[PDB]
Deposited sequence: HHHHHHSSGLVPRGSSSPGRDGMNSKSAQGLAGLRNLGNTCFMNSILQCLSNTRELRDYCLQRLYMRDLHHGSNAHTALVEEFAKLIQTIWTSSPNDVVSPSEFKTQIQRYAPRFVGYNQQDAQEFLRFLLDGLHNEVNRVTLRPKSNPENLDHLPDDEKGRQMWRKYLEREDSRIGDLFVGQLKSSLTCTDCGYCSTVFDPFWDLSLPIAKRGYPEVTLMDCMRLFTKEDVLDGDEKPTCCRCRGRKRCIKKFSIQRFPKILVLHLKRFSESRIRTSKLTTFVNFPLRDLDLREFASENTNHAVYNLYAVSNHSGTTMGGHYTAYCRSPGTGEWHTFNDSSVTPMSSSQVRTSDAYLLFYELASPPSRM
């Protein structure tokens, strides 16, 4: 159908509704539920756990078989996510990306299929070793691979490690406006590790000044960008309301790649917004419909149309991007 169903607030659960709608409008994750491909991936025999995935899929199936102006209650799903993640027991407001990390962790767990080399091959081998422990249809969408290059300024050896990632938490490159590209450049900027942040260089056998640099070895099909909208002031968390100018189309991240290879352009399809103060704020979601390409505002039980020129606001907290196809020949 149209998937324009609202989600009832069960008590400061707008953070949950916001993430649920972003996932509901993640096309391949939604089709995973609607086509019931998750049934073939659920585990059987002893020590199997399936209730979280089953209730998540039933909720997604309910959203995309409902009529317009319908309000769905995700109370049974909340029972399962809080069983898996006890942080969400009760009815206090939570952080949407903390909820996203725990939810995707539980969904992926219940459908899991459970030196001498150049940099590229070492990255490929470290990826295979990760897939020996984590490999699911959900991980096939979100997981990328970060490359961290640490060069000792004394001996010049560049130590490289490859960390998988399900999302990227980007610092706000604070200044009225800041672009998303600026936040990516700060994340990938060379970091001088000196003073008491000098790491141990095993070659030099001592603490040395080193230069650390992030790059992206593998780009995921779904790239989730989490904006670090906080500063710390005397033990008190303070929200950063700085307007971040992120694009709706043609987010080109080829310059942040480990190897200059072009398959790395994204288009926006969902945004999770946090408005208000650091505590007592409110969560909404702007989601592009996969079938029609039209944007809608999801504010708990209320779903209304919106223009694409209304999606980019200062409340954007999590950005959901999908990888575009490489350039067509002729």
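- Message: Ranges lacking C-alpha coordinates, please, mapped onto the deposited sequence and listed in sequence order.
- Response: Those stretches are 1-27, 142-152, 213-214, listed in order.
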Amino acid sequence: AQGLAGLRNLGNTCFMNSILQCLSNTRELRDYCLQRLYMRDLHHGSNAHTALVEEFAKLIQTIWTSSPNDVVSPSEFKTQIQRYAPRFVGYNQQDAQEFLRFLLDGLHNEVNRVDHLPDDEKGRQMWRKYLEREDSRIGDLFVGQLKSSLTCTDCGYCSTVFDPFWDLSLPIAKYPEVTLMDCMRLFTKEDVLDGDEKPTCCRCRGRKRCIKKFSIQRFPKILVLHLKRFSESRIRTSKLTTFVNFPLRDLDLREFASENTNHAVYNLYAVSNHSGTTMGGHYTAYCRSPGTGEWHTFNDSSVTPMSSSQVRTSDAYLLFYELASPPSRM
From here on, numbers count along this sequence of modelled residues.
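- Got a sec? Mean C-alpha B-factor, which is higher, 25-33 or 261-269? Looking at the recorded C-alpha B-factors, 261-269 comes out higher on average.
- 286-294 set against 61-69, stretch whose average Cα temperature factor tops the other in the entry: If you average the C-alpha B-factors of 61-69 and of 286-294, the larger mean comes out for 61-69.
- Of the choices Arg101, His116, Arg218, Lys189, which one's C-alpha carries the largest B-factor in the record? The listed residue with the largest C-alpha B-factor is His116.
- Message: Just to confirm, going by the entry's C-alpha B-factors, which of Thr277, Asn47, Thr50, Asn299 comes out highest?
- Response: Highest C-alpha B-factor among the listed residues goes to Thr277.
- Message: What third of the chain does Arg205 rank in for C-alpha temperature factor, lowest, middle or highest?
- Response: As the PDB entry reports it, the C-alpha B-factor of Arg205 lands in the highest third of its chain.
- Lowest, middle or highest third: where is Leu20 by C-alpha B factor in its chain? Answer is lowest: the recorded C-alpha B-factor places it there.
- Message: Taking only the Cα B-factors deposited for this chain, tell me whether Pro86 sits in the lowest, middle or highest third.
- Response: It falls in the middle third of the chain.
- Message: Quick check on the deposited entry: does the C-alpha B-factor of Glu232 sit in the lowest, middle or highest third of its chain?
- Response: Highest third.
- Message: Is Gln125 in the lowest, middle or highest third of its chain when residues are ranked by C-alpha B-factor?
- Response: It belongs to the highest third of the chain when residues are ordered by C-alpha B-factor.
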